[PDB]
Amino acid sequence: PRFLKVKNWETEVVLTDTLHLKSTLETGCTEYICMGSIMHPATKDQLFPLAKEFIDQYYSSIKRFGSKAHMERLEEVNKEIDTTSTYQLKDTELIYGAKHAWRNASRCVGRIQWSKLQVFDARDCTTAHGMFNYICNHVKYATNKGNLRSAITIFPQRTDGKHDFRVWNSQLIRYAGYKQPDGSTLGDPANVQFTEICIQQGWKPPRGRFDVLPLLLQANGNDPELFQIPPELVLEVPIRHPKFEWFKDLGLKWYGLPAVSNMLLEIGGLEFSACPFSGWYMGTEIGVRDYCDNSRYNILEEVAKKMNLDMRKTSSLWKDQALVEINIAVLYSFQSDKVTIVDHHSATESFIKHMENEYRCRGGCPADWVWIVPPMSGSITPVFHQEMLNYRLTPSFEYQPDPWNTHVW
Amino acid sequence: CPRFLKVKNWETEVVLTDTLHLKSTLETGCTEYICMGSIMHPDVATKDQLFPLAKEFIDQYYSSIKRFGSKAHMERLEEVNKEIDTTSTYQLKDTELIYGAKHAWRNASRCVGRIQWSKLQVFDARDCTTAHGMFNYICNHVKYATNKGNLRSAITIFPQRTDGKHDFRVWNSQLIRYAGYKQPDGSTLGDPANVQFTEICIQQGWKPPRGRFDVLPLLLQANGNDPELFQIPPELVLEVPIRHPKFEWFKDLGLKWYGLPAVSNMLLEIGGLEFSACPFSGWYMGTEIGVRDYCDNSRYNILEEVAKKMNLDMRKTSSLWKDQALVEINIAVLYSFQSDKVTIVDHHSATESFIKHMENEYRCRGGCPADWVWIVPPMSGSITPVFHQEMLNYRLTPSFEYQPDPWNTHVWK
Ligand code: HEM
Ligand code: HEM
Ligand SMILES: Nc1ccc2ccc(CNc3cccc(F)c3)cc2n1
Ligand SMILES: Nc1ccc2ccc(CNc3cccc(F)c3)cc2n1
Ligand SMILES: C[C@H](O)[C@H](O)[C@H]1CNc2nc(N)[nH]c(=O)c2N1
Ligand SMILES: C[C@H](O)[C@H](O)[C@H]1CNc2nc(N)[nH]c(=O)c2N1
Ligand SMILES: [Zn+2]
């Protein structure tokens with residue numbers, strides 16, 4: 001139980017962390033073994049302290065800790081957990097809970113935006129058709145003709161675990177991936193399995209390189225149902241390069257809206273298994289990971305060829321040159337089409353400013369260096385030289401099992 | 001802790017099982033509730049602290065040579081035990097010294113070059129008594145390791161710590177580094193990382209040339225005495241001018257670096273013994289020079305000058321002019337070393353070798369401690385295989401450790 005200091009080795013700025021003392025969940029590390037690079041490390045009785053903990057910090061946050069209203073809410077919650085084995089969040093608590101889950105997301109470089117989140121309460125939803133409707137509205141609001149706005153739509157919380165709401169898509173908008181007879185893959189290889197599942201369910205594939213997948217929506221534990229997002233809601237950006245006029249000939253494009261739909265939102269012990277949320281892209285997510293991962297679109301080789309680079313030895317850094325150029329193209333393309341995007345230099349600078357804000361007003365900011373540092377040009381961004389402390393605060397976004405591994409039809 | 005910990009590669013889907021972590025010796029700084037993986041740095045031992053550390057090491061050693069529980073093993077235990085009892089310390093056999101040194105490297109979680117761990121030339125300097133002798137040992141090390149460009153890894157090991165008042169120390173952070181000078185106008189000439197050390201050298205009597213690439217003198221402390229200055233013979237200092245295969249103007253920048261990376265301020269810990277002066281050396285990965293030494297803001301900081309000559313649009317960050325320049329600089333570094341026939345390894349080759357090394361270690365040893373934050377290169381992270389590799393970080397002994405800078409602790413005579 002100590003105040004812990006973090007140092008930036010470039011600016012020499014030292015911050016003092018006290019916030020970590022309030023954390024209650026585990027990191028996955030031990031005194032003897034650090035696991036910082038591992039990607040994936042109820043009952044009434046369990047429920048009430050978790051609920052009380054959350055109500056406590058909520059009333060503490062609006063400067064009414066120990067108020068009439070505070071105690072009454074506590075009374076109300078325990079008595080509701082008692083009778084029904086669960087409880088329902090106030091609209092105000094729901095919005096607070098969702099913003100703080102984003103605020104506490106140690107892996108997210110975009111958290112300077114945390115309090116600017118549009119929260120859609122979908123807790124009255126009963127069917128997959130209703131889910132589809134709420135999701136269309138979410139996509140339309142968030143896309144906003146290219147001026148993207150951060151949003152989250154929250155479907156009903158888990159009850160018995162046999163009636164979960166799940167969006168089976170990993171994101172609301174993604175491209176299909178196809179196994180070919182010659183053993184190669186068409187489209188996005190990361191979605192090959194999901195695409196097969198959709199096909200089995202009756203989806204008719206265009207079998208192109210960038211086919212927008214249908215929504216697969218599961219309501220109240222029932223079999224998931226297929227829906228086609230209205231295409232006019234799906235903003236895409238054809239990728240071209242400001243100097244290489246041949247770049248457009250690659251036929252590359254991407255969607256404007258990154259909308260993660262497979263995570264679990266946890267607030268006060270309650271579990272929201274369906275909580276698709278969205279902001280906007282950092283260029284490297286598309287330009288580095290999506291396009292250049294060997295297990296993804298894997299385009300480095302093709303680009304470097306058109307750049308006429310020497311590809312015989314690795315020490316020519318041909319991979320590195322082509323990587324920067326692809327990322328220039330992505331940024332240039334989005335900007336030219338007036339679609340919100342942020343480069344990794346701008347994003348990491350804001351994060352450092354955000355950290356400083358959080359230490360000042362909250363006494364800390366949980367941060368996962370492994371995820372915060374961008375997948376290219378690491379050390380020429382300020383976060384590389386920033387020491388971070390990682391710890392788990394609630395409310396939070398958590399991983400959950402892929403739905404096809406748990407569901408019985 | 002369970003006996004089995006699994007790590008996955010998200011790119012190849014290969015899963016490895018670690019059991020070696022059970023032999024972890026010290027804390028990492030992390031707990032169940034906080035991770036300190038991005039923290040840089042998170043008076044002698046008694047008789048009674050020393051017995052178990054020596055035994056732990058002797059057991060490991062005899063186990064490694066397939067003579068565990070042998071008569072020679074038991075007689076070695078008894079000899080060490082008595083020696084600690086009668087003198088409060090003990091002396092390693094040459095074989096144990098060599099074993100321990102190599103294994104400190106094998107156990108270094110932040111080192112991406114460990115596929116080479118077993119090829120390490122160990123120079124035994126435990127007979128050294130003076131700074132002049134330290135200088136002699138260091139010169140021979142530099143000459144051997146350099147090998148006219150065909151670099152060979154080596155370590156030179158000076159006498160272990162006794163009462164803590166007779167430490168041997170190399171005050172230099174590396175055997176070969178460039179001077180930095182703070183100007184009265186606030187600017188820095190040379191390497192800003194070395195300003196403090198440079199000022200100490202000047203104070204001890206060094207006459208600086210005051211240039212951009214002045215090789216610093218050795219500042220050497222033997223047996224707890226005040227440190228002494230020596231100039232490394234310049235013929236022993238292999239350097240490489242930096243030029244570029246396409247950009248003719250790149251030579252005009254007047255950049256050069258030294259061939260031999262030789263870290264000299266770490267402590268080597270073997271079986272509870274502490275070697276406070278153990279300079280070691282290998283060869284460079286390009287990014288160490290091209291990204292950190294040259295492009296860090298608090299270092300040589302050349303991105304802007306390079307970008308201006310590439311005539312890049314440097315008005316928006318989103319032009320990625322920094323990223324563009326960074327690559328060309330690293331191309332030039334690699335090209336210049338290769339052209340001059342000086343050993344160097346690019347980050348693609350190094351990380352690819354490390355993955356294979358790590359897999360071999362999981363199979364033959366039951367694990368390989370690794371610090372992802374250090375193993376992943378400072379540029380192009382996700383296009384190297386290590387980015388996608390899960391790792392477990394833990395501390396095995398023998399090990400290399402940080403120790404306080406000696407000017408903070410030294411009692412001047
Ligand atoms: C608004 C602009 C935003 C930007 C620029 C941004 C940026 C990023 C980036 C680059 C990552 C790493 C992604 C990866 O490599 O897969 C990330 C992770 C993450 N973001 Fe943000 N983000 C934004 C908005 C949001 C919002 C609105 C939420 C939730 C309400 C959120 C929650 C998270 C979470 C939970 C992770 C970690 C996911 C995981 O652990 O798998 N982000 N963010
Ligand atoms: C033979 C070629 C070698 C290569 C290519 C190599 C590569 C590297 C690199 C790139 C780093 C990161 C350094 C930084 O970013 O500042 C590192 C760290 C390290 N290396 Fe290796 N190395 C080599 C040889 C050696 C040898 C011979 C030893 C000791 C016997 C050693 C022990 C270490 C240690 C202890 C660290 C971590 C230092 C710290 O925590 O500050 N390396 N190495
Ligand atoms: N630009 C953003 C905004 C929010 C994000 C939230 C989570 C993730 C994590 N990456 C992820 C998650 C699910 C599916 C997928 F393909 C990537 C990335 C984000 N990227
Ligand atoms: N190429 C190599 C070989 C061995 C290394 C050992 C340690 C370090 C760590 N960097 C370092 C350590 C001390 C002083 C210094 F200036 C740099 C880098 C290496 N780099
Ligand atoms: C092994 C490692 O944990 C894994 O590849 C992580 C590394 N850092 C990352 N960082 C971000 N932002 N996104 C990622 O998917 C990953 N992948
Ligand atoms: C703050 C952070 O831990 C620090 O900048 C680290 C990051 N990773 C590194 N990795 C290597 N190889 N060398 C370094 O000096 C650092 N610095
Ligand atoms: Zn840790």
# chains A, B, ... in the order shown; residues from 1 in each chain; ligands from 1
>>> interface_residues(of="chain A", to="chain B", cutoff="7 Å", atoms="only C-alpha atoms", output="PyMOL selection string")
chain A and resi 10+25-38+293+295+314-317+320-321+324+328+331+343+345+369-370+375-380+387-391
>>> residues_near_ligand(ligand="ligand 4", cutoff="8 Å", atoms="only C-alpha atoms and all ligand atoms", output="number ranges by chain")
B: 111, 113, 173-174, 177, 193, 261-266, 280-285, 288
>>> write_last_selection(atoms="N, CA, C and O atoms", output="PDB file, in the first residue's frame")
ATOM      1  N   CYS B 111      16.674  -9.506 -23.289  1.00  0.00           N
ATOM      2  CA  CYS B 111      17.626  -9.641 -24.392  1.00  0.00           C
ATOM      3  C   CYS B 111      17.107 -10.471 -25.564  1.00  0.00           C
ATOM      4  O   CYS B 111      16.845 -11.674 -25.426  1.00  0.00           O
ATOM      5  N   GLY B 113      18.848 -11.112 -28.196  1.00  0.00           N
ATOM      6  CA  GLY B 113      19.947 -11.808 -28.846  1.00  0.00           C
ATOM      7  C   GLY B 113      20.345 -13.133 -28.216  1.00  0.00           C
ATOM      8  O   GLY B 113      21.405 -13.669 -28.530  1.00  0.00           O
ATOM      9  N   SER B 173      29.124   3.759 -18.621  1.00  0.00           N
ATOM     10  CA  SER B 173      27.930   2.927 -18.817  1.00  0.00           C
ATOM     11  C   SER B 173      28.158   1.908 -19.922  1.00  0.00           C
ATOM     12  O   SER B 173      27.681   0.774 -19.827  1.00  0.00           O
ATOM     13  N   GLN B 174      28.889   2.306 -20.967  1.00  0.00           N
ATOM     14  CA  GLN B 174      29.487   1.335 -21.910  1.00  0.00           C
ATOM     15  C   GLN B 174      30.973   1.633 -22.076  1.00  0.00           C
ATOM     16  O   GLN B 174      31.394   2.779 -21.886  1.00  0.00           O
ATOM     17  N   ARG B 177      31.588   4.940 -25.580  1.00  0.00           N
ATOM     18  CA  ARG B 177      30.459   5.877 -25.766  1.00  0.00           C
ATOM     19  C   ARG B 177      30.958   7.269 -26.157  1.00  0.00           C
ATOM     20  O   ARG B 177      32.131   7.603 -25.945  1.00  0.00           O
ATOM     21  N   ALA B 193      22.775  11.938 -23.565  1.00  0.00           N
ATOM     22  CA  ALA B 193      22.715  10.901 -22.530  1.00  0.00           C
ATOM     23  C   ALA B 193      23.977  10.844 -21.650  1.00  0.00           C
ATOM     24  O   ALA B 193      23.944  10.315 -20.537  1.00  0.00           O
ATOM     25  N   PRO B 261      28.987  -2.598 -29.068  1.00  0.00           N
ATOM     26  CA  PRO B 261      28.135  -2.251 -27.928  1.00  0.00           C
ATOM     27  C   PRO B 261      28.616  -3.052 -26.727  1.00  0.00           C
ATOM     28  O   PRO B 261      28.486  -4.274 -26.720  1.00  0.00           O
ATOM     29  N   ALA B 262      29.185  -2.369 -25.738  1.00  0.00           N
ATOM     30  CA  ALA B 262      29.789  -3.053 -24.605  1.00  0.00           C
ATOM     31  C   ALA B 262      29.314  -2.492 -23.280  1.00  0.00           C
ATOM     32  O   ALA B 262      29.948  -1.591 -22.738  1.00  0.00           O
ATOM     33  N   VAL B 263      28.227  -3.050 -22.746  1.00  0.00           N
ATOM     34  CA  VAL B 263      27.642  -2.575 -21.492  1.00  0.00           C
ATOM     35  C   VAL B 263      28.510  -2.878 -20.267  1.00  0.00           C
ATOM     36  O   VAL B 263      28.893  -4.031 -20.041  1.00  0.00           O
ATOM     37  N   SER B 264      28.791  -1.848 -19.463  1.00  0.00           N
ATOM     38  CA  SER B 264      29.799  -1.959 -18.399  1.00  0.00           C
ATOM     39  C   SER B 264      29.353  -1.548 -16.994  1.00  0.00           C
ATOM     40  O   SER B 264      30.170  -1.562 -16.067  1.00  0.00           O
ATOM     41  N   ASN B 265      28.082  -1.178 -16.822  1.00  0.00           N
ATOM     42  CA  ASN B 265      27.616  -0.736 -15.506  1.00  0.00           C
ATOM     43  C   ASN B 265      26.677  -1.692 -14.776  1.00  0.00           C
ATOM     44  O   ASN B 265      26.108  -1.337 -13.742  1.00  0.00           O
ATOM     45  N   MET B 266      26.479  -2.886 -15.318  1.00  0.00           N
ATOM     46  CA  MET B 266      25.576  -3.844 -14.676  1.00  0.00           C
ATOM     47  C   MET B 266      26.322  -4.713 -13.669  1.00  0.00           C
ATOM     48  O   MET B 266      27.562  -4.789 -13.698  1.00  0.00           O
ATOM     49  N   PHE B 280      30.402  -6.617 -20.598  1.00  0.00           N
ATOM     50  CA  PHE B 280      30.156  -7.608 -21.629  1.00  0.00           C
ATOM     51  C   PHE B 280      29.801  -6.925 -22.948  1.00  0.00           C
ATOM     52  O   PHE B 280      29.465  -5.738 -22.977  1.00  0.00           O
ATOM     53  N   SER B 281      29.862  -7.673 -24.041  1.00  0.00           N
ATOM     54  CA  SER B 281      29.581  -7.081 -25.338  1.00  0.00           C
ATOM     55  C   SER B 281      29.071  -8.120 -26.312  1.00  0.00           C
ATOM     56  O   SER B 281      29.395  -9.300 -26.193  1.00  0.00           O
ATOM     57  N   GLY B 282      28.270  -7.675 -27.277  1.00  0.00           N
ATOM     58  CA  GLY B 282      27.840  -8.534 -28.367  1.00  0.00           C
ATOM     59  C   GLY B 282      28.028  -7.767 -29.659  1.00  0.00           C
ATOM     60  O   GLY B 282      29.142  -7.346 -29.980  1.00  0.00           O
ATOM     61  N   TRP B 283      26.935  -7.582 -30.392  1.00  0.00           N
ATOM     62  CA  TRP B 283      26.919  -6.725 -31.572  1.00  0.00           C
ATOM     63  C   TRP B 283      25.533  -6.082 -31.688  1.00  0.00           C
ATOM     64  O   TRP B 283      24.596  -6.498 -31.013  1.00  0.00           O
ATOM     65  N   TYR B 284      25.403  -5.071 -32.539  1.00  0.00           N
ATOM     66  CA  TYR B 284      24.183  -4.261 -32.556  1.00  0.00           C
ATOM     67  C   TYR B 284      23.000  -4.860 -33.339  1.00  0.00           C
ATOM     68  O   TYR B 284      23.173  -5.604 -34.300  1.00  0.00           O
ATOM     69  N   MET B 285      21.791  -4.550 -32.884  1.00  0.00           N
ATOM     70  CA  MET B 285      20.616  -4.623 -33.736  1.00  0.00           C
ATOM     71  C   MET B 285      20.459  -3.202 -34.276  1.00  0.00           C
ATOM     72  O   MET B 285      20.548  -2.240 -33.509  1.00  0.00           O
ATOM     73  N   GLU B 288      18.844  -0.057 -32.512  1.00  0.00           N
ATOM     74  CA  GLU B 288      19.412   0.516 -31.299  1.00  0.00           C
ATOM     75  C   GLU B 288      20.092   1.833 -31.651  1.00  0.00           C
ATOM     76  O   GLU B 288      20.026   2.812 -30.899  1.00  0.00           O
TER      77      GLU B 288
END
>>> atom_distance(atom1="atom 15 (C, counted along the ligand's line) of ligand 3", atom2="CA of residue 104 (chain A)")
18.9 Å
>>> residues_around(residues="residue 351 (chain A)", least_positions_apart="2", cutoff="7 Å", atoms="only C-alpha atoms", output="PDB file with N, CA and C atoms, in the first residue's frame")
ATOM      1  N   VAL A 109      -6.143   3.894 -26.067  1.00  0.00           N
ATOM      2  CA  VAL A 109      -5.404   5.151 -26.215  1.00  0.00           C
ATOM      3  C   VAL A 109      -6.330   6.358 -26.408  1.00  0.00           C
ATOM      4  N   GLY A 110      -7.630   6.118 -26.605  1.00  0.00           N
ATOM      5  CA  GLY A 110      -8.544   7.201 -26.952  1.00  0.00           C
ATOM      6  C   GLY A 110      -9.317   7.816 -25.795  1.00  0.00           C
ATOM      7  N   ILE A 112      -9.167  10.199 -23.701  1.00  0.00           N
ATOM      8  CA  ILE A 112      -9.385  11.623 -23.436  1.00  0.00           C
ATOM      9  C   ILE A 112     -10.832  11.986 -23.776  1.00  0.00           C
ATOM     10  N   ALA A 347      -2.788  10.810 -31.575  1.00  0.00           N
ATOM     11  CA  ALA A 347      -3.488  10.018 -30.567  1.00  0.00           C
ATOM     12  C   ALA A 347      -2.647   9.807 -29.299  1.00  0.00           C
ATOM     13  N   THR A 348      -1.379   9.444 -29.478  1.00  0.00           N
ATOM     14  CA  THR A 348      -0.528   9.212 -28.329  1.00  0.00           C
ATOM     15  C   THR A 348      -0.231  10.493 -27.541  1.00  0.00           C
ATOM     16  N   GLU A 349      -0.093  11.624 -28.232  1.00  0.00           N
ATOM     17  CA  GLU A 349       0.073  12.910 -27.536  1.00  0.00           C
ATOM     18  C   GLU A 349      -1.117  13.241 -26.634  1.00  0.00           C
ATOM     19  N   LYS A 353      -1.471  13.717 -22.448  1.00  0.00           N
ATOM     20  CA  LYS A 353      -2.224  14.815 -21.844  1.00  0.00           C
ATOM     21  C   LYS A 353      -3.364  14.271 -20.980  1.00  0.00           C
ATOM     22  N   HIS A 354      -4.056  13.257 -21.492  1.00  0.00           N
ATOM     23  CA  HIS A 354      -5.107  12.593 -20.726  1.00  0.00           C
ATOM     24  C   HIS A 354      -4.574  11.996 -19.415  1.00  0.00           C
ATOM     25  N   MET A 355      -3.434  11.292 -19.478  1.00  0.00           N
ATOM     26  CA  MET A 355      -2.824  10.725 -18.269  1.00  0.00           C
ATOM     27  C   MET A 355      -2.596  11.800 -17.224  1.00  0.00           C
TER      28      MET A 355
END
>>> closest_atom_pairs(of="chain A", to="ligand 6", cutoff="7 Å", atoms="only C-alpha atoms and all ligand atoms", output="CSV")
residue,atom,partner,partner_atom_place_in_ligand_line,distance
A:8,CA,ligand 6,1 (C),6.5
A:9,CA,ligand 6,5 (O),6.5
A:384,CA,ligand 6,5 (O),5.0
A:385,CA,ligand 6,5 (O),3.5
A:386,CA,ligand 6,1 (C),4.3
A:387,CA,ligand 6,1 (C),4.0
>>> residues_near_ligand(ligand="ligand 3", cutoff="7 Å", atoms="only C-alpha atoms and all ligand atoms", output="PyMOL selection string")
chain A and resi 170-171+258-262+278-282
>>> select_by_dssp(residues="region 35-203 of chain B", states="strand (DSSP E)", output="ChimeraX atom specification")
/B:121-124,154-157,169-170,180-182,188-190
>>> write_last_selection(atoms="C-alpha atoms", output="compact mmCIF listing (two decimals), in the first residue's frame")
# COMPACT_ATOMS: atom_id res chain seq x y z
CA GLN B 121 34.02 -15.85 -24.39
CA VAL B 122 34.52 -15.46 -20.65
CA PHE B 123 37.63 -13.56 -19.52
CA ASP B 124 38.56 -14.32 -15.92
CA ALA B 154 32.59 -11.64 -24.60
CA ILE B 155 32.52 -10.76 -20.92
CA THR B 156 35.39 -9.74 -18.62
CA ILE B 157 34.82 -10.46 -14.93
CA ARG B 169 33.52 -0.72 -10.88
CA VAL B 170 33.64 0.52 -14.44
CA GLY B 180 28.01 15.09 -24.41
CA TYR B 181 28.62 18.77 -23.57
CA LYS B 182 26.03 21.21 -22.25
CA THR B 188 23.97 20.11 -26.25
CA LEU B 189 26.96 19.03 -28.34
CA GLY B 190 27.45 15.29 -28.79
